[PDB]
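As a convention, Cβ positions derive from the backbone with ideal geometry for all residues, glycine included, and neighbour counts pool all protein chains shown. Every read-out reported here was derived from the displayed coordinates using simple, explicitly stated rules and does not represent laboratory data.
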Amino acid sequence: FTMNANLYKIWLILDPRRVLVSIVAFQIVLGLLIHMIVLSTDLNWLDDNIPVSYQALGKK
Amino acid sequence: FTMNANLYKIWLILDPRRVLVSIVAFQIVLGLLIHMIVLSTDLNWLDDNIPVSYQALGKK
Amino acid sequence: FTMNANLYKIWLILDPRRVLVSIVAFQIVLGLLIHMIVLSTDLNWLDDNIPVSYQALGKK
Amino acid sequence: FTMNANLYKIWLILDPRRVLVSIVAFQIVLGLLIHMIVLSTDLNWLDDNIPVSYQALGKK
Amino acid sequence: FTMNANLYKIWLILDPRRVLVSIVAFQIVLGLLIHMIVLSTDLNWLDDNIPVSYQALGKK
Amino acid sequence: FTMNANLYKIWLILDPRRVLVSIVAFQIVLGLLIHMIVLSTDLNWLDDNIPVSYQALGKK
Amino acid sequence: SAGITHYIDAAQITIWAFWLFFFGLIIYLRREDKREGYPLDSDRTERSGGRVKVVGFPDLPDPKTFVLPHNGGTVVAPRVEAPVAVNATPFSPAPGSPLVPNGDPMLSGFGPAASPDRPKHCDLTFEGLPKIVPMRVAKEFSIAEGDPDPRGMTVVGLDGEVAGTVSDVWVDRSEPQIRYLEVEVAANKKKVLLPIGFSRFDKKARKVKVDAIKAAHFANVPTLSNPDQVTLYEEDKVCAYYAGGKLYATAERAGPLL
Amino acid sequence: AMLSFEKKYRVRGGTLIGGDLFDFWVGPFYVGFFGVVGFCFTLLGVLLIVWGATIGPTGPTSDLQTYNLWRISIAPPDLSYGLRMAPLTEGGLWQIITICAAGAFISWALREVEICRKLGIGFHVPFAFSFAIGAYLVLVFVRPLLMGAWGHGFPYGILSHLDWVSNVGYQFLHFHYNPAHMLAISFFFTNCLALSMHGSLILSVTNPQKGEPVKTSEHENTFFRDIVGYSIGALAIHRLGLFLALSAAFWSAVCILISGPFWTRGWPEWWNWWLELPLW
Amino acid sequence: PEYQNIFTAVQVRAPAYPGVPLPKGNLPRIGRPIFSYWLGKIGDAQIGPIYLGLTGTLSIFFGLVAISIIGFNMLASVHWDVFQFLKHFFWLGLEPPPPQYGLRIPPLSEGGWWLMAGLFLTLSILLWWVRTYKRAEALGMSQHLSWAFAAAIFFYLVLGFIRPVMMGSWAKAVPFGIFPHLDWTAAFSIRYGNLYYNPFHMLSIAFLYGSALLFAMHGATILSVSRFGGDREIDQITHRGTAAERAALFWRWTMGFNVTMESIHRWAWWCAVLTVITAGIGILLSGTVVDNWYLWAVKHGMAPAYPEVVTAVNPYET
Amino acid sequence: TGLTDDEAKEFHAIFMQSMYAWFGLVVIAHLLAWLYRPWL
Amino acid sequence: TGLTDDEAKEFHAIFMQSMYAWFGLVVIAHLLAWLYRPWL
Amino acid sequence: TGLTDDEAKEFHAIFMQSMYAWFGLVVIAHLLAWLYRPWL
Amino acid sequence: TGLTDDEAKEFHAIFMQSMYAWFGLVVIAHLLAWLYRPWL
Ligand code: BCL
Ligand code: BCL
Ligand code: BCL
Ligand code: BCL
Ligand code: BCL
Ligand SMILES: CC[C@H]1c2cc3[nH]c4c(c3C)C(=O)[C@H](C(=O)OC)c4c3nc(cc4[nH]c(cc(n2)[C@@H]1C)c(C(C)=O)c4C)[C@@H](C)[C@@H]3CCC(=O)OC/C=C(\C)CCC[C@H](C)CCC[C@H](C)CCCC(C)C
Ligand SMILES: CC[C@H]1c2cc3[nH]c4c(c3C)C(=O)[C@H](C(=O)OC)c4c3nc(cc4[nH]c(cc(n2)[C@@H]1C)c(C(C)=O)c4C)[C@@H](C)[C@@H]3CCC(=O)OC/C=C(\C)CCC[C@H](C)CCC[C@H](C)CCCC(C)C
Ligand SMILES: COC1=C(OC)C(=O)C(C/C=C(\C)CC/C=C(\C)CC/C=C(\C)CC/C=C(\C)CC/C=C(\C)CC/C=C(\C)CC/C=C(\C)CCC=C(C)C)=C(C)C1=O
Ligand SMILES: COC(C)(C)C/C=C/C(C)=C/C=C/C(C)=C/C=C/C(C)=C/C=C/C=C(C)/C=C/C=C(C)/C=C/C=C(C)/C=C/CC(C)(C)OC
Ligand SMILES: COC(C)(C)C/C=C/C(C)=C/C=C/C(C)=C/C=C/C(C)=C/C=C\C=C(C)\C=C\C=C(C)\C=C\C=C(C)\C=C\CC(C)(C)OC
Ligand SMILES: [Ba+2]
Ligand SMILES: [Ba+2]
Ligand SMILES: [Ba+2]
Ligand SMILES: [Ba+2]
Ligand SMILES: [Ba+2]
Ligand SMILES: [Ba+2]
Ligand SMILES: [Ba+2]
Ligand SMILES: [Ba+2]
Ligand SMILES: [Ba+2]
Ligand SMILES: [Fe+3]
């Protein structure tokens, strides 16, 4: 009978509204986290001077 | 890419007032966070002064 | 493990719900952990200048 | 010993469940622990540059 | 002598169920203790660079 | 062995259990104390290089 | 050789001494910790029919006897307490699951409404007269100059409806203070106690708010087997009912929020 | 497992968030939604402190790297990073671990909250806890912020944080003269006195000389009134002690909040406002 | 909303209570009571009566003598200008005999007043000790206070009397002044190589933090179960109630284990007594056994190494 | 969990539709970020 | 512990296959990881 | 331990082979590890 | 305590050699250890 035709049934073990809310929470935290993570490396998009140096856009 | 939308039903499961302040609060925090991030970085607009740095309007 | 066909019997002993949530948390944290561990070594995939240097696409 | 046992009677003495879960938690912990132990010594396998050095196979 | 006339009944005075666990915990604990203890002196067995120095003498 | 004779009546005044345990504790402690006292003086018998220095069985 | 530095100095061995006395101390305090609530409740005990009494490490300390003053008794700890049915049913048959209270939650006497069976006798003053008694029984007591007299304020439940009015004030004869408010209930003119801990004042209004229960619930306040004194048993029975309203008095304190 | 009188209280509900989703127990700990989040924050935090101990300040092979319990330390980034996220291996790690610790404490507090809601007891404990959480935040969030950089936070290491306290304190020459410091110290001390007195009293009455019965409220009051002419009474001593401890934490938080941001000079000098009044 | 049991919102009076009766020998009680509506706002409004025996009076006597020597000396130090005394009071103080004198009884003008104030203060403190034991016996109670006070006295004696004598110098005892005694504390740590690496002072610090943690927790708990008369710890101890049950359970569900209404007071008691007992031990070893704690900690490999990013060449070595 | 077997098809249907909607929006943002700034 | 011997039959199947699905994406991800950037 | 004499035979049976599964995978990783990089 | 006199005989029997199995792996491991890495 294979599977994935009765995995709707998952909501007989996990109450759906709450599961959504938990998911949303996870999403917001994971989001800020990754943003910081990417910000912690070279691919940074803030202290890069894009498109022009802004910290030396005010000393000259 | 399935058929049922009618995602209005969402307010039959999640309390609207609390959702309201939840969003309002989150937006204010995210606002201060992002503000803090850009001002602490290159896209900064305060530690500049247009058209001239003003504490260099007085060498004296 | 339980690898002997009668390895279903494990769920009379370990409650599916509690085992489930622990699996969930343990997996999520473990993932973040391992990711950051790697991001901190030579196998770093962000702080490399890939595929062209970005901090000379803005700064100097 | 060539003696895969003596008496299996032990499950009349120790809760099958408790020993089960304990083995699981303790094993995962013992695992992370030894993992860290190895990563901190000469026997480390990430910051070794394997099989070719990556932070200088590209611009820098 | 030292021959011990009746070392059964020891399980009539001291609950076996407990005594096993006593030994189990104590042994795993002592295991970790001694492991780290030898790990802290010359009898160290890791940071010896066996069989060839893995840092900066390892293929890389 | 009192030495004579109605000084048994002393256990008519002071609890035998309490007196016993009191002596046990008092002695079990005192032994350690003087052991320590001896360890800091001329009678020290360990860090003496007696009869042959052991941290001179190699180098350290 | 007048310089063989000893590696062990008095500070080491004294820190060692400390840690040993420490360990014995910790153990001992954890033994006093099991003079109540023990041995624990598992399905390990019930599965085994009882041959697995749950106590953990360290073990339980020999009973100790408290000799109550005034022909009061003798109490022991640890003691053997008779099991007591649960006025609820397992939210799940799975272990670690909570139980839902049976019936009208506030009546259940389960959850925030639960309580044990303390003596059916009264706490006593030093002299031996009922410690907690009403000001009507305690002639001498008196409001403090400049404090609204609770006597005559209106007791009002959580949803703003009157419940009754304060008919008297119960006090401690041992440590002079307001312990209980008396409530002549409006809905049936029966008398109930209201713990001070559950009562908020509104002095300019001469009101006595109660977020705890609803005005109606005041009708079911557990009662006193004598109106001029109260027993230990009755104090618990009284407070716990109000406590129940903290999770039961509304179809929302049940939580969640989101 | 439960206490011998626990089943009768293990009611369902009371959450703030989650409802029946995580509304269950595990052993003696209550889980709940904030326990799951808490366990996540905590575990990742500790596990990262473990990676920091593993790598050391100069790499896993360096002599500064260490697993010695007294010396392992993860310190913040330099000030040059200001309020930006700093690279992982340059104080970044410390920042993340901090986020996890703060989140774990706030989760913990909220879980005590769900627990108060369940048991129907007051919310005094998690409120009180929140003072320590506040103190922790000034020491890692507020102060370093007012000071334009997260590097002003203390490192997470058993003795290194002691070193931190030491040099930050000595930057002001004689910290003992900090007046908020003097206050906070007085509260920590007074707290220690009330605690010792309450402890002593209860244990002196519920267990009297052999031959005497459990003592009374009258005894309690008569004793401290005998010795020092006053007895604040049973209830109130529980009230005072809570005042002393929470205040001690408070004044510690303010005593350090003013050390930098609101005062840069040495601290004894502060007292100048007193030697210079126009009375002398 | 719900009352927090912070402020008695409505109080009640009864004729003051002179208290449980003491047996023959424990002298009458003196003074006649009063009520402070404001103490009453937060606690028992009754002020006194107090007991004063031979002990108590002889202690009040010694103690006030000691307070006078310290004070008079401080007025003398600013020249009897009470204005100046008021101005520098925080900075005023009575310094100890100078080292030139060792443990000899020094001249009035050089420290002898300190030795007299130290003498009389200690005697008055230990008399207050005896006082609290007497006051604790007349009531049939136990000596739990007296064993704690004895611990705090221990630390005191360790600070100003035991260490100085062992070190052979009254100048090592602590001086009487607010700011001066602050300086004695700091100088003390500096002289002996950073007291932070002194383990005993770390434990005492763990126990002080702990007295704050325990009283904060227990106090918060008891107020949270103050709706169940949880403050009435005596009867919750003899006849366990839902207050002691909800109380023990709150902690059980939060951190996995718990104590009991009686035992939490044993954890608290022992933790306070522990501050003073580690503390005194800590001072006992300073100079007598260890002279430089930072060094001691290095010898036991507990002191951390940081990349040496800043350094200074030692002129003593040029 | 107060659901019927049919009331777990419906919720599941809408959930799946919305989540794949989320993952989709996600793939777009990962594309714009990929175009402007390939990371591999 | 909420299951019958027959329901401990049901849970186990989906649990095993699903855990296997996760493991699949994982091993997949790891082979993928090895091609672009060898680590051992 | 509220189990029968037959299922402490059973539990034992499935558990042992299970433990061995773990131990096997263990020896696999350890031999492979001594192969790629010997430590003693 | 709450055992029969026959089942602390049985327990004792199984326990002794089980303990000894442990001791066996122990002197074995220490033999291996003594061989590869002598300590005195
Ligand atoms: C220079 C020193 C040598 C050294 C020489 C030795 C020697 C010599 C020995 C070891 C031994 C051990 N070594 Mg070595 N070892 C070294 C290097 C290592 C390294 C490494 C990183 O390189 C590692 C990981 C290890 C690891 C180990 C462990 C596998 C083992 C001891 C386990 C134990 O405590 O028993 C635990 C004891 C028990 C009885 C527990 C059995 C398990 C049971 C089921 C408990 C599980 C938990 C339980 C189920 C919970 C129960 C439920 C409760 C009742 C509620 N060694 C170095 C090279 N090693 C010992 C060994 O081989 O085993 C004999 C030994 O004698
Ligand atoms: C140079 C050294 C080698 C290396 C040497 C080893 C060696 C040697 C070993 C490992 C082992 C493992 N290594 Mg390694 N390892 C290295 C680098 C890594 C890296 C990395 C980032 O580079 C990672 C992530 C890992 C990760 C892992 C884990 C996959 C694994 C042990 C986990 C554990 O404790 O299990 C805890 C175990 C359990 C919890 C039990 C299994 C789980 C359940 C019981 C199984 C399901 C049972 C059944 C279906 C019933 C269902 C029950 C429900 C699950 C409840 N290694 C380096 C490259 N690694 C160990 C291993 O492989 O394990 C076999 C091992 O022996
Ligand atoms: C040997 C080197 C150390 C020594 C190390 C230890 C150690 C180690 C221990 C003791 C312990 C004891 N020691 Mg010692 N002890 C020594 C010096 C002394 C002297 C002394 C006058 O110098 C005395 C009285 C003692 C006394 C004792 C007891 C107090 C105590 C054990 C029994 C007990 O308590 O009951 C009272 C016992 C007695 C009153 C009998 C007195 C003991 C002997 C006969 C006294 C020896 C000195 C005596 C004058 C004869 C000397 C020989 C002549 C010079 C030729 N020791 C020397 C300094 N001692 C034990 C302990 O404290 O725990 C129980 C212990 O573990
Ligand atoms: C070094 C030179 C200065 C000095 C400089 C400083 C500096 C600088 C500081 C202090 C600080 C303080 N000093 Mg000082 N101090 C000096 C001399 C003294 C003396 C004395 C006898 O002379 C005393 C008593 C004190 C005492 C005090 C306290 C008033 C105060 C810290 C309270 C606190 O942290 O609360 C707050 C409590 C917390 C933050 C803990 C929060 C708990 C969190 C939420 C939970 C943690 C959970 C964690 C995970 C638990 C782990 C458990 C495991 C998981 C199992 N100092 C010397 C003179 N002092 C600190 C202060 O002012 O207050 C902050 C401070 O920053
Ligand atoms: C300043 C440099 C060092 C410092 C040096 C010292 C020194 C030196 C000492 C302490 C001491 C203490 N320090 Mg420190 N300490 C520092 C940093 C800290 C920090 C911090 C956050 O960094 C903290 C929390 C602490 C905390 C503590 C306390 C835990 C400890 C003793 C407490 C106590 O109450 O005893 C005080 C209680 C008593 C003395 C007993 C009081 C009883 C008497 C009898 C009351 C009499 C009342 C009287 C008769 C009434 C009449 C009044 C008359 C006018 C007199 N220190 C810095 C690092 N710290 C003690 C210590 O640890 O020693 C090892 C000590 O002596
Ligand atoms: C504010 C008044 C006092 C107080 C109150 C207080 N503290 C409290 C409470 C209250 C009322 C609780 O109810 C709560 C508790 O659960 O009781 C034990 C708590 C608490 N008091 C504790 C600690 C504590 N409180 C302290 C102090 C204080 N707390 C004040 C003295 C102190 C100190 C420094 O003196 C400490 C150490 C905890 C046991 C507990 C809260 C524990 C908790 O919330 O657990 C969740 C978090 C974890 C399990 C760890 C998370 C892992 C992190 C990611 C890593 C941690 C990094 C850390 C920042 C590094 C520090 C390294 C150190 C070596 C320096
Ligand atoms: C775990 C140890 C903690 C602790 C415990 C502790 N303290 C204690 C005790 C205990 C157990 C007591 O039993 C005792 C006590 O009495 O408690 C209220 C005490 C004590 N702790 C005190 C102080 C104290 N304890 C401190 C510390 C500590 N004590 C630790 C925190 C501290 C610190 C370091 O901050 C201080 C300042 C005192 C209140 C008291 C000891 C008082 C004493 O010894 O008295 C000596 C004599 C005098 C003070 C003279 C009396 C002066 C009068 C006020 C004058 C009245 C005049 C009157 C009107 C008569 C007219 C005069 C005539 C001559 C004309
Ligand atoms: C069994 O019960 C018991 C009794 O009952 C019979 C007893 O009577 C007794 C006897 C008890 C006593 C005699 C009590 C003794 C107390 C002593 C010695 C403490 C000494 C205290 C003082 C001298 C007063 C000090 C305080 C002040 C002067 C007030 C100053 C106000 C200030 C600084 C500003 C206030 C503002 C803040 C602190 C800022 C923020 C603070 C907070 C947010 C704290 C919040 C507090 C709460 C409570 C919620 C005991 C021990 C007992 O255990
Ligand atoms: C239901 O059936 C009934 C009839 C009961 C019968 C069933 C019976 C059954 C099944 C019984 C089961 C028995 C089993 C499985 C028994 C197994 C026993 C084991 C594994 C025993 C192990 C014993 C180990 C011992 C005794 C080792 C002790 C070691 C000690 C005390 C070491 C101390 C170490 C020191 C002091 C080291 C110091 C060195 C350093 C430097 C570390 O010190 C700081
Ligand atoms: C104008 O003023 C009038 C009212 C006269 C009085 C005013 C008085 C005032 C305002 C006094 C103010 C006093 C203050 C503020 C004092 C503060 C003192 C402080 C903060 C002290 C801090 C620590 C002091 C300690 C620990 C002292 C320790 C001293 C000891 C332990 C001394 C022991 C000495 C002994 C036992 C003496 C032995 C003598 C022997 C017998 C050995 O001689 C042979
Ligand atoms: Ba800018
Ligand atoms: Ba300007
Ligand atoms: Ba860039
Ligand atoms: Ba290393
Ligand atoms: Ba790279
Ligand atoms: Ba070696
Ligand atoms: Ba390597
Ligand atoms: Ba040697
Ligand atoms: Ba002037
Ligand atoms: Fe208390």
Exercise. Take F:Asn44 and decide whether it is assigned to a loop (DSSP other than H, G, I, E, B), more than 16 Å from ligand 7 (Cβ to nearest atom) and farther than 20 Å from G:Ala17 by Cα.
Key: no
Practice problem: Six or more apart or on different chains, Cβ under 9 Å: which pairs go from a residue in region E:38-60 that's under 15 Å from H:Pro60 (Cβ atoms) and within 8 Å of chain D (Cβ to nearest Cβ) to one that's more than 16 Å from ligand 10 (Cβ to nearest atom) and outside any loop (DSSP other than H, G, I, E, B)? Could you list them? | Solution: E:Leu46/D:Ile37; E:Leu46/D:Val38; E:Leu46/E:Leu39
Quiz item: Applying the selection to region I:89-123, what residues are surrounded by 19 or more Cβ atoms within 10 Å (Cβ to Cβ), out of contact with any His (no Cβ under 8 Å at 6 or more places or on another chain) and under 30 Å from H:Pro268 (Cα atoms)?
Solution: I:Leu92, I:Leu94, I:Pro96, I:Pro97, I:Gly111, I:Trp113, I:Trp114, I:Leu115, I:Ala117, I:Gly118, I:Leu121
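So that you can scan it fast, the table gives a plain yes or no per residue for (1) under 30 Å from G:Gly255 (Cβ atoms); (2) of a type outside the set (A, V, I, L, M, F, W, C); (3) away from ligand 14 (no atom under 16 Å from the Cβ); (4) in a helix (DSSP H, G or I):
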position	(1), (2), (3), (4)
H:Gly35	yes, yes, yes, yes
H:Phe39	yes, no, yes, yes
H:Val46	yes, no, yes, yes
H:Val50	no, no, no, yes
H:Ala53	no, no, no, yes
H:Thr58	no, yes, no, no
H:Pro76	no, yes, yes, no
H:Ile97	no, no, yes, yes
Quiz prompt | Flag if I:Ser224 is more than 9 Å from chain G (Cβ to nearest Cβ), touching a helix residue (DSSP H, G or I) at 6+ places or on another chain (Cβ under 6 Å) and buried (at least 23 other Cβ atoms within 10 Å of the Cβ) | solution = yes
Exercise. For region G:219-247, name all the residues that are within 14 Å of chain H (Cβ to nearest Cβ), more than 19 Å from G:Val155 (Cβ to Cβ) and not in a helix (DSSP H, G or I).
Key: G:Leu247
Quiz item: Can you tell me which residues in region I:209-220 are more than 14 Å from chain G (Cβ to nearest Cβ) and touching a helix residue (DSSP H, G or I) at 6+ places or on another chain (Cβ under 6 Å)?
Solution: I:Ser211, I:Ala212, I:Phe215, I:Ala216, I:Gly219, I:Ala220
Quiz prompt | Per-region count, region D:13-37, residues outside any loop (DSSP other than H, G, I, E, B), within 11 Å of chain E (Cβ to nearest Cβ) and not β-branched (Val, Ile, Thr) | solution = 5
Self-check item: Answer residue from region G:171-204, given it is in contact (Cβ under 8 Å) with a residue 40 or more places away in the chain and not in a strand (DSSP E or B) and is surrounded by the fewest Cβ atoms within 10 Å (Cβ to Cβ) among those
Solution: G:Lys203
Quiz item: For region F:2-36, how many residues are under 11 Å from the mean Cα position of the chain (by Cα) and either over 20 Å from G:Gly24 (Cα atoms) or touching a residue at least 24 places away in the same chain (Cβ under 8 Å) (or both)?
Solution: 3
Quiz item: Of the residues D:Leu39, D:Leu12, D:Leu46, D:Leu57, which is of a type outside the set (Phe, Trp, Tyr), away from ligand 2 (no atom under 11 Å from the Cβ) and touching a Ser or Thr at 6+ places or on another chain (Cβ under 9 Å)?
Solution: D:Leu12
Exercise. Would you be able to tell me the number of residues in region G:164-211 that are in contact with a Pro (Cβ under 9 Å, 6 or more places away or on another chain) and among the hydrophobic types (A, V, I, L, M, F, W, C)?
Key: 10
Practice problem: Could you please give the count of residues in region G:97-156 that are within 9 Å of chain H (Cβ to nearest Cβ), closer than 30 Å to G:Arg206 by Cα and not in a loop (DSSP other than H, G, I, E, B)? | Solution: 2
Practice problem: State whether one or more residues within region H:180-195 are over 20 Å from the mean Cα position of the chain (by Cα), surrounded by fewer than 19 Cβ atoms within 10 Å (Cβ to Cβ) and more than 7 Å from chain I (Cβ to nearest Cβ). | Solution: no
Quiz item: Is there a residue in region I:266-284 that is more than 7 Å from every other protein chain (Cβ to nearest Cβ) and either without any contact (Cβ under 8 Å) to a residue 60 or more places away in the chain or within 26 Å of G:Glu234 (Cβ to Cβ) (or both)?
Solution: no
Exercise. Report the residue count in region H:21-52 for those that are over 30 Å from D:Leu39 (Cβ atoms), surrounded by fewer than 21 Cβ atoms within 10 Å (Cβ to Cβ) and without any contact (Cβ under 8 Å) to a residue 12 or more places away in the chain.
Key: 2
Quiz item: Can you find a residue in region E:1-11 that is surrounded by 14 or more Cβ atoms within 10 Å (Cβ to Cβ), hydrophobic (A, V, I, L, M, F, W, C) and within 24 Å of M:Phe15 (Cβ to Cβ)?
Solution: yes
Quiz prompt | Positions within region H:56-85 being in contact with a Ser or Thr (Cβ under 7 Å, 6 or more places away or on another chain) and facing another protein chain (nearest Cβ under 7 Å), in sequence order | solution = H:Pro60, H:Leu64, H:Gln65, H:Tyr67, H:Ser73, H:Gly82, H:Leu83, H:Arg84, H:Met85
Quiz item: Looking at (1) assigned to a helix (DSSP H, G or I); (2) surrounded by 13 or more Cβ atoms within 10 Å (Cβ to Cβ), can you tell me which one G:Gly73 breaks?
Solution: (1)
Exercise. Go over the candidates L:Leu35, L:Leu40 one by one and state the one that is assigned to a loop (DSSP other than H, G, I, E, B), loosely packed, with under 11 Cβ neighbours inside 10 Å and not acidic (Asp, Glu).
Key: L:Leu40
Exercise. Scan region H:211-251 residue by residue and report those that are aromatic (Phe, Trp, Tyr), more than 16 Å from ligand 6 (Cβ to nearest atom) and free of Cβ contacts under 8 Å to residues at least 12 places away in the same chain.
Key: H:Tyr230
Quiz prompt | Close pairs (6 angstrom Cβ cut-off, 6 or more residues apart or separate chains): more than 9 Å from chain H (Cβ to nearest Cβ) and touching a residue at least 40 places away in the same chain (Cβ under 8 Å) in region I:121-145, of a type in the set (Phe, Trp, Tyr) and more than 16 Å from ligand 14 (Cβ to nearest atom) anywhere | solution = I:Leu123/I:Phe62; I:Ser124/I:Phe62
Practice problem: State whether one or more residues within region H:68-89 are free of Cβ contacts under 8 Å to residues at least 24 places away in the same chain and within 30 Å of E:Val38 (Cα to Cα). | Solution: yes
